[PDB]
Structures are given as C-alpha cells and as structure tokens.
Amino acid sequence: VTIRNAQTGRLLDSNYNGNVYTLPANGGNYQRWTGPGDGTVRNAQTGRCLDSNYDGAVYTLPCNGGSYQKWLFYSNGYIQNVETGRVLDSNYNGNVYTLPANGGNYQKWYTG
C-alpha cells in the first residue's frame, strides 16, 4: 500500500515514464506499492521497481534483479538502498532523491 513522508506528509508516487515524486494521498494506484519479498518495491499501478543511483536520483524502471532496486525497511522508518547505502528522501516541494543518512525527518516514512 502507501509510503508517507514523516516530514512533509506527502506520499510516494510514480508514473509510467519512471518518474518518482510525492503528492498528497489521492487514492490512485500510482501511490500504492507492493513488496514481493525479494527486495523490490513495485508500483501498484505500473509494476515498476523504485530504483536510484549514486547521483541521488530516484525513479522507477521495470524490475531487473539489481541491488539498486533492492530496499531495506528499518523499524525507525528509514528506507535504505542496498547498493548505495543512501536513504530515500524527499522535500516539501515533492522532490524524491537519495542522500546520505542524516537523521532528518524528511528521510522517514510511514509504510502500511
């Protein structure tokens, strides 16, 4: 289902172009996500895998088995990219990107 930023209240969102962003909850399936158990976080509408790189950019692409598309969900709300180690982040404008863990609330996420 949904992934909601702890700082901004905006939810994790993505489209068929593979662009990612956050928006207020709006019921659409672009805002729900599925975790099979293989490390991936797949968009409920598109089936694509949330993914990022060493530059900090974050997008979705069809799923390819790479550590890049594998995420770790900690109980403190961090969502960590296995390859880079950088943590999923966003800003009130609805930018999504990754940055070094810095303890910030913009790096926390309620996932249900």
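Throughout, we count residues from 1 along the sequence that is shown.
Mean C-alpha B-factor comparison - 24-32 and 62-70, higher one | Between 24-32 and 62-70, it is 62-70 that shows the higher mean C-alpha B-factor.
Per the entry, higher mean C-alpha B factor between 89-97 and 5-13 | Taking the mean C-alpha B-factor of 5-13 and of 89-97, the larger value falls to 89-97.
Looking at 75, 80, 52, 45, which has the biggest Cα B factor in the entry?
-> That would be 75.
Third of the chain, ranked by Cα B-factor, where residue 111 sits = It belongs to the highest third of the chain when residues are ordered by C-alpha B-factor.
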